[PDB]
Structures are given as C-alpha cells and as structure tokens.
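Chemist: Below: one structure in structure tokens.
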Amino acid sequence: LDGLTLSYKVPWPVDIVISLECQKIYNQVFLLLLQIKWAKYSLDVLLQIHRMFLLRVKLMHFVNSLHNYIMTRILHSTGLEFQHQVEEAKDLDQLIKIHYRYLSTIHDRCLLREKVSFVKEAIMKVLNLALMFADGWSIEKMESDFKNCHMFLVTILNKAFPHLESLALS
Amino acid sequence: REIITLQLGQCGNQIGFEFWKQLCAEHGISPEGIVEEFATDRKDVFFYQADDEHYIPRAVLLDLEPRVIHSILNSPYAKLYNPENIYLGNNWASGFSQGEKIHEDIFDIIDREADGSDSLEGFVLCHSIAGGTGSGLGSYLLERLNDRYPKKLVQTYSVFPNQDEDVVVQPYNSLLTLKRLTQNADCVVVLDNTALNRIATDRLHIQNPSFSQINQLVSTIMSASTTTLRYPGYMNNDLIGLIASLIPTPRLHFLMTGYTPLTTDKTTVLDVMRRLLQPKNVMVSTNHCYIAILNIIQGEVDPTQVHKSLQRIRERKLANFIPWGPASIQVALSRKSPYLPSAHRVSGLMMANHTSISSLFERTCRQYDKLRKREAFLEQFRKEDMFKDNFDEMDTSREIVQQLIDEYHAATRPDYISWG
Amino acid sequence: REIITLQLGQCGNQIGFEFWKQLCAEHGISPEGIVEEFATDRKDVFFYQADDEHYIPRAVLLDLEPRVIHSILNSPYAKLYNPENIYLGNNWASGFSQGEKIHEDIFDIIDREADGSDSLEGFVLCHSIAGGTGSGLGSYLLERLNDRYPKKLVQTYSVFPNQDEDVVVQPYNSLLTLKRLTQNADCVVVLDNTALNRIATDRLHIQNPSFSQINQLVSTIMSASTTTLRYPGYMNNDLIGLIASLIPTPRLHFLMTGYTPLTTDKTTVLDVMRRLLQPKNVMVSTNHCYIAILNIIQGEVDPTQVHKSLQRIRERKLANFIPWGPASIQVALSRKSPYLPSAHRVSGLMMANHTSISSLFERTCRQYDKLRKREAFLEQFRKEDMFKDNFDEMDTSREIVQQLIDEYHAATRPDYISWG
Amino acid sequence: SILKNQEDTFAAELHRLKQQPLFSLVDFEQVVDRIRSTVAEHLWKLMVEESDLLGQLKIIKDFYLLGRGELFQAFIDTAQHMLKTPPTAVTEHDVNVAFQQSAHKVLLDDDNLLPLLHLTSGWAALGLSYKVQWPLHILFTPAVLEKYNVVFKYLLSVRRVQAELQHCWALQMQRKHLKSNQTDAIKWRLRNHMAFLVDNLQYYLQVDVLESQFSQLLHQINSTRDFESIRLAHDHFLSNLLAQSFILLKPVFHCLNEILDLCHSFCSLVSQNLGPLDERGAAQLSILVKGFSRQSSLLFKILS
C-alpha cells in the first residue's frame, strides 16, 4: 500500500516537452488508484456468523460507489477531454500549456492538493475497515467504527469544489 | 482470467455451439480457426493459441445418447476447436447413474485442459433443467467439480422449463437439480422459456420456429455478458469483479437478464436504463424489490449525460430497493463490438437480484407436492429404485428448497438482520 | 395535474373511446401509441410515458354484460393503451348489486394505476344515466371513490335521458343516481339528448344515424373542455382552477355546455360571445338567470378587441345575472389545436350555472310521482326486493332532490342570504 | 462588412466637403444620416437572424413575464420554506436545487438550463437571473433585466394569492361533502367568493395587458430595421408595462397592497382554523369584513 517507484524512458525530443514533476504527479495518482484497487480486491477475495453478511453488503457497496466516482467521473472524463484538447493544439507552447492545465485539474478533482487534513483523512480511515473485515473469517466493534466515521464523513460532505455534490448521494 | 466452458445435454450443447459460433462472428477470425489478416482487442479471453493464426477455443463438449450432437458435429464450426472430447432415458436418475460410472474419464478430459490452462478463473456450465439426459448428469458433474475445485468459480446458464404445458417427472427433476444448484453452484443465471416465448411472439408471429430465434436472444445476452472481458474495459474484466457486487449472500445468487430491443428483425442512456427497469423489457418473467442491480451499456457514449441520467433515474422513483441495506443499480459502459455489422448500436444488459423468482420456485414446489401426493408421477423405474429405495432424498430436497423460500421471503422483509 | 379517466356502461365506454381517439387525432401520435417524428405542446396531460415514443393513455375501462365493448375491443385504437383492465339486467339495482360484490378487484385495478400515477388531480367519470347496467354500478363506484379519496376531485360527464319517449323504471333510476350525483360528486357536466337531437336535425336531416354525429358534437365539447390543459395556457391549466369560479356552493355544481357552429359538415370574438349567450346555440335545452358563466375561445386573436367586445357584451344587455352577488361571464383564450385539419378555426365553449335545469328535474320528479302512485312501474324484481324490502330509499331520494329543487328556486330569488 | 466595402465612398464625401470653399451644416447632416441608415441596418440584420432575437423574446416572456404558469405554480407549492425567515446561508442555493429538480419531473427536463434562481420573509425574496448571448445582444442591459424583475415580483404576487384562495376552498372537498354541519359559525357570509373576484379580475386585466403589449412589440420589430429605432420600442414597451400593471406607486397601488395583505391574513386564518368553530376567529372576521368594505370603497373614489 506504499512505496513502489516505477520509471519509464522517454526520448529526448519529447523529454524536453514533458516535465519531471509530471512523472511525479503520475506516480501520486497511481498511489491513489492502488488504494482503491486494494480495498476492492480485498473485499473481493472473501467467498453468530451471518452478521458478516450485513458487514459485507454495507461495505462492499460503499467502496464500489467510491470507485465509480473517482475513476469514471474524473479519470476518464478528463482523459477523454484531454485527447480532444491535444488534437486541437497548434503550438509548441500551447501544447505544454493545455497539458499543464490538464494536470492541475485532475490533481484537484481527486484531491491531492489543498485540505488533505480535512477531507482525505476520512477516506484514509475507512480503508482500515477493509483491513479489519479481511482479518475476521469483535464484529460489532467494526460497525461501531463505521457508523461514527461515516457520519463524520457525511457531516463534512454537506458543505460546498462546487462539484462535491456529484458524490453527495451516499 | 481464463474460463473453460462446459456444455452437456442437447439444449446446452446447442447454446455452447451457438455462443462459440457467435464469438467467431464477433472476433476477426475464420470459422476454421484462422485469425484474419485484415485485423486493439483481445482474442485470448477463452482461446488456446496454436500457430496458424489459430486461437483454439477452450470448450469441453459432453453428450449422453446423442441426437443433436451429430448435427452439431457436421459443421464448419467444428474445425475451430474439438480437441477430440466427444464421449457418449429422460430422467434425472438416468443422467445421474450414467454419469456415476464414467465420471473418471470425462474428469481426465477436464484435467487435460486443466494442466493445459496456465491461467484459470472459472468454469461455465451450459445446462438445461428437465432436459432429460442433461438433468442428473449435470448436477452430478457439478458436485464433482465442486469437490475437486474449492479454488474455482462456477457459473451456470440454465433454462427454467415452463412453457404452460407430457412429462410428469419434471418438478422432481427441477427440484433435485435446484437443490444441487443452491448448494453446489457459485453463480446462477436463470431465464424463463415462457418469457422468451412471449418476446418471440412479440417481435414476430412465430410459434413453430421458436428455437432458432430463442438462440438469437440467448446469444445476444451471452455475448453481452462477456463483452467487458473480451474487449478491454476497466472493471469486471474478471468474472469475480462482476459477480461480487451481485451476490450479497450465497443464498441470494440467482441473476436476472435484460436486452433492450424487443424487435431486432438520439436515444440516451437514460432511456434504455429506465426501460431496462421495466419488466416488459426484462427477459425473465406483496411487492418485490431488487436486492442489487448492475447495468451494462455498450454503444454511443455521452460523457457527461451519464451522471445527468443517474440523477434522473434517482428522481424518477421507479425502483425502490432493499430496506435493510445500501442497494444501488450500478452503471457499466463498454465498447460496442467491432468486426460485425450491428443493428441497435446502443444495447443494454441488466444483472440483478430480485425476489420475484421465489414465486416460480413455489410454483414448482406446489406442483411437486400435488404430483407427490397424487402418486402416479415418479414413473417408477429401476434407476430411481437403485438410487433410493425409500425416495426420501427428494423429500429432503423439497425441505431444503422450502427453507430457501423462507429465506427469500425473510430477505423480502425490511428486517433481515436476524437469521431466518 | 394528472387525471385518470373512468368509463363504464355502454354509452360511457363509447364516449371514452371516442374522446381518447380524438385526442390521438389531436396530438402528434399514432393510433398504436407511437409519437410522431415530424413533431411546443404537452403530450403528458393524461399519458403514461413508455419508451418507444409511447405515451400510454391513463384510462380505466369497465364493463357489465358487454355488447359494445367487444366492438370497441377489435380496433387499432385498442393498441394505444389497454393495460389489461377488461372485466365483466337493465335496472339500477342490477348494476348496484353486481358492483357490490366485485368492488374490491376493480378498486385494486384502480389502486394499480393510483400508485402508478406519481401525480394526480382528479377522476373523470364517463357515465350514462338510465343506461341500464351503467346505472347503479356507476353510483356505487362513485360512492366508493368518494369514500376512499377525500383528497381528490370527481367530474362526471353524464347524459340526461330525454328523447320524448319502453322503459318505465327510468325516473326511478335517474332519481337514485341523481341523489348520488348531488351528494357524492364534486363536478357535474350535464347535457340534453333532446337538445343534441335537435341540433343534429338542425345540421342535417338524419333520424336513424344520430349516435355517430352525437359522438362528433360530444368529442368537440370534450376536447374544448381540455384544450386549456393539453395546450399550455396560463389559467385553468388545472381542473380546480377551472372549477372554482363555476361552483359558488356545492348544491349549485351542475354545468352547462356550448359549441358555436350549428352546422359543421372576419367573425370577431364578440359575435361568438353574443351568440354563445343565445339558447339556440346552447347544446343543453318566471325568469331564469345565470349564476356564473365562464367562456372559452380558441382561434383568431384580436389583442385589443377583447376588451372592446367586453364593453360591448356589457352594454348589449342580453344576460342579467344573479341579484345577490357579483356574477360575471368571464373570458378565456386558448391556442387553436395543431396537428389536425380544422373547419371553423374560431370555436367557443361556455361553462355556466343556470337555474333552468330545475325544470328538467321537476319533470323527472313529477313523472316519478305519477308512476309511483300508479304503482306498476317499479317492475318488482329480486334485485329491488333484496336491496330494499319496503322501498323507502327511493322516497328518501325524492325528498332530497325535492329539497334540492327548493334550494334551486330559493337561489333563483334575489334573496338567498338566508338558508333555504 | 459593407461598411468596409463603401469605406472609400464615405471618405470621398468627407474629402469632397474638405475641397469645397463653402461648408454647410445642412449637407454634412445628410452624409451622417446616410451612413447611419446602413450601419444601423447591418446590426439589425445580424441580431434578428443569427442571434434569433424573435424566438428569444418569446422565451423571456414565458419564464420571466410569466407566460407559463405550470412551473411557477408548482414551484411555490413545493417551496413552503419561504413561509419562514431565511438564514440566507442555506436557502439561496437550495431554491435553485429545488427548481431544477422540480423541472425534471415533467416538461422541459433537459433544454435551456441557463436560467438561475436568486434571492432578493421568503415571499418578499425569490428573484431570477438570466444569461443571454452577451456579444450578440447589446440591447439587453442590466437596467433591462431589472425593470423586468420588478414586474416578475408583482406577477408572482397575483399567482401566489389565487392559489391560496382555491386551496382554502377545501370547504367543497371535505367540509360540505358528506357534511352539512349547521350555520352561524359555519357561514362567515361566504365572503371567500367576493375576495376571489377582486383578485381574479386583476388577473384577467393583466392577461389583456401582457398579451396586447407582447403582440404590439412583435409587430413593431418586423417593420423597424435599424437598430437605433429598436431601442425606442423596447423602452416604450417596458414603460407601458409599468403603468398599466399599476406598479408605479399611486393611491391605487396602496389600495392593492392593502387588499393583498388583508386577503393574505384571511387565508391564513381559515388555513390553520380546522374543523370549523369560533376559536376567537369571529373578532378577526368582523375586522376583516369592515376593512374589506372600507378598502373596496376607495377603488370607487376614482370613477369619473
């Protein structure tokens, strides 16, 4: 869930176009993705006792709903926009400009700058539930965490950046 | 990953042939196995790679007292695969007893491709309920693969035999096979022969050539079931990623079907979404409410009107879900399939859990109770007497499926936090 | 808002069919339910939206001993709606007793579309007085919807049976049904079969094919009644906005009709206004004075000659209204209907309260008194004896409608500030 | 365009005036006017056709001078939190959320999402902001949308009251229906119809008023084909609308305000009333009937 630096070798005529910090940004958004892949596959590997059924349904859903927002509405929307942008780029300067104006919006929508100690920490604490539910195979002490942190998340989500209503249905 | 597909019975081999022929149509390949040189996508989802631009499909065909298998045999679609796996009463006990003795050699044929397969995800059963030879044999083989493989997934495409009426041992066969289906299968895809007959009489006015057009609708649903895997998507590119949201508990694992045209002789994604909600467009026929739904769209992509439609199907309020849970109908978008001409460029598919099929199950249960009390409809052969002298296994099967009906009706309630 | 229309009886189902067919003609839709792709206006005033450009009309049809319903059934206008709501003596007690037992399943059919309807405004009854099976059944069902729905409005399109003469229980049936009409209905639209016969013999020289041409005139009035709702106006785009001015008190709730051509085989709005004042152009036949009038015009718009005409109908002095009140004839202007060819591009409609119909009521009352004293015309069946052994309910009904006549004549006076 | 085409001709005129030894204002004026005609018709030629002025004015009337009634009745019905004091921290965004959600149920679900609600108790609030094609419309100005907005408030007020009157006639629905009770605490003189007259007739008056002015404006713009001419029409059309709707504060406007407040209170009593009886409602009722008669008399103080 942490570490993993992977590089790629780019030729010089395009390595003088694409920045080094751009590679660092790709790494950051990769890390964010890996946490979602982790929680989803971690709730995908599992196959009184039937209370874990409720604890499966109430959580597997919620993580998949988070997945549907973050992946599609940001990472595929803006990428399909980005191709349509670069096919209309007609200058050496403006291609770098529209490229950097793509990074600074996808790095915003998925929050990787500004107020990562007020919003992100809720996403941080709910993955530990995927750890705990993976361990068991006590049980109410995960739901006691879940309801409190969930209401903590929702009572933060109630404030409008105006695009934060696009997830406020959960 | 890779999935070995498993067909037995007359009807089940017909859909196996029809699906593999349709996948030959979908991919840029010849019916002889040769990949086309005018061809991006994956053609290795279920195919062993030989050299001569040959992706040999990984399918094992099984037969018992073969009639239609000979007509399947003489075909140009028999040169795509057939790694020489052909191997030879209409009761459940007939198929069960005849599978009993020969289980080892067909399982050796299984193990052949099992070590042949470097990668594996699951086994798909092409089954037919109350097909005679398919019944009993398929449930026995299902028990054997489950016993041998606790690491693999099993999904079964099976018919629900109801054509509004003669075979009188049919509820007995369906009862036993459904007992094996509930406790020895990981995934069930059910359809109504009555509902497909209804939609066939909708789109045309046929009554006799129903089988071939039923093959058309089932091939569309089976191809739509696999489009996210055969073409590179992003999620549910595995069986298990598709399956996991749909089953909240393995007593609720029976899955519903959908295809958005009625007649297959700009509309937004909202419209096919909202009418894939309608039960006249669902190909399977108190208040019943859905436990989880997943919908799949392949076609024209409106990049923002997805979430706009999502807010719309919310505030439409056509489908209220399970009370005791966060149950959503969920959206998947895939590429529309190249390499073939296509009418209805937008096409939709629903997988859901609904409580409505417990009615069909109690229908079969009540018919079984009637025929069992009336006592002329077990048809008293040597197969059934050697299998069970006292015939209590059917009674146990009815008990278990009645328990399952009770579980269904208790899940139907707003309170299913307590057991039962 | 949305209104579910309710038809029963032979004649009432004929007008339900005729009105819905005429609305199919008025909107840009096919008779099969398909909306036209060469089409601004609303096509959702009474229509459930399916997908295939299908606005399914929201109408419930009811039958008892069906004859004409079979001829309604075999039609290309039976593919527009029919959500499968067909469900099966010429006395009032016959319809009343036969509706008594089966009220729950037809009300379940009602509740089906009631939860199906997200929005609701009212229920429209297509009724026929002294139609035999329609009588009794309609009044019973009227009592049931009123008992179940104190939050909804009811308007009834009903015939007044008078054709200058054989049925001798007719004033009994009309008396009982009018008792239910006064105290269990919110809105009454009455017409004279004699007056429509007169205008039919005016425009042509027919005597035998009167029914079809009567259907023409009634469809014109029924379409004109709904033009302000089906096409976007500004006021009386609801039933209640139209209704509220017309009823000053719910003993005076019986509404009059008008259509400005006599023969339908520049004229200013004043002219149709001033002759919609005339009783030869009113389709329903001391001094009687109007209690409130509302007029509705659809056609050519002169933007200032409206108020000029208003001053003109003032100083014409053809109609002096109720003394004890501020009673005006009031003007409504609407769009002339597109999507159909139209003769008489200017067309008018009056809704009013007049005291003239109390004459028709005392006519029926006097005929009832004559037949009741003469004592051979109740026709003494088991229906009437099981319904009432002593037959005092008809006497109570006559008492109440006589009280209503007294209320009518007291409202006719310049003093109706005191009760009675 | 064609100004650039005949640019040298127009410079040739000014050059010609330079060459002459005698200058007159009279000739110079004709040059100015002859240029003014062509330059003014070019702008008109674009704004009516490519900026679709004629179709847009219909829309502006519909939603703004309230030419559609269905949206703006049910919105007031579904906004009952304007009966409270607003905090103006939550309500402002909330009304736009409610408005778009309301429109999605039926009738203009997805077309023209450009307009936005505004807040200007809550019923004295609720404005409207509308965005147009700013480079392709310069006749539309901040002042125009304002003079517009005052009319929008008043035409809201009349629709607001008539809904109250028809809703308070639940007497027909549930109280004189299976029921008859008695009188002298059930009859209140039945003044409810007479006050309904005094708003309903203002409604028809306004209907004549709006429809006549909208017709003359659309008749005018066809004939006037210079843009400078168009502005006079629009400034005449608005100024007519103000006085004929009686918006301008006159004694009659004071009378109308008094009528609105008295009627609002009269609705507010019988709404909360319940199953009917004198609950100390009669003292209010006596003050109401006296005040209505007295205020009605002032409308007959200007008759000659």
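Residue 1 is the first one shown; counting continues down the chain.
How was it done? The header gives electron microscopy, 8.1 Å.
For all residues, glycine too, the Cβ spot is worked out from N, Cα and C.
So Swiss-Prot lists the following for this protein:
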type	residues	note
BINDING	B:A130, B:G131, B:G132, B:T133, B:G134, B:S135, B:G136	GTP binding site
MOD_RES	B:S119	phosphoserine
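Where in this structure would I find these features, and how exposed are they?
Modeler: In the three-state DSSP assignment, the secondary structure recorded for B:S135 (GTP binding site) is helix.
Sequence-distant neighbours of B:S119 (phosphoserine) (same chain, 6+ residues apart, CB-CB distance under 8 A): B:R1, B:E2.
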Chemist: Looking only at B:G132, B:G134, which of these binding-site residues has the biggest number of Cβ atoms within 10 Å around its Cβ?
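Modeler: Most Cβ neighbours within 10 Å: B:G134.
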Chemist: Fewest other C-beta atoms within 10 angstroms of its own C-beta: which of the binding-site residues B:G131, B:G136 fits that?
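Modeler: If we count Cβ atoms within 10 Å for the binding-site residues B:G131, B:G136, the smallest count is at B:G131.
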Chemist: As a test of the contact definition, list every same-chain residue at least 6 positions from B:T133 (GTP binding site) whose Cβ is closer than 8 Å to its Cβ.
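Modeler: B:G9, B:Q10, B:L64, B:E65, B:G89, B:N90, B:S94, B:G95, B:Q98 - these are the non-local Cβ neighbours of B:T133 (GTP binding site), listed in sequence order.
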Chemist: Using Cβ-Cβ distances, find the residues under 8 Å from B:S135 (GTP binding site) that belong to the same chain and are at least 6 apart in sequence, listing them in sequence order.
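Modeler: Long-range Cβ contacts: B:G9, B:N91, B:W92, B:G95, B:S128, B:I129, B:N173, B:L176, B:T177.
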Chemist: Cβ-Cβ under 8 Å from B:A130 (GTP binding site), same chain, 6 or more residues apart: which ones?
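Modeler: In sequence order, the residues whose Cβ lies under 8 Å from that of B:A130 (GTP binding site) (at least 6 apart) are B:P161, B:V167, B:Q170, B:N173, B:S174, B:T177.
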Chemist: Cβ within 8 Å of the GTP site centroid (B:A130, B:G131, B:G132, B:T133, B:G134, B:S135, B:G136 excluded): which residues?
Modeler: B:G9, B:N90, B:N91, B:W92, B:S94, B:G95, B:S128, B:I129, B:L137, B:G138, B:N173
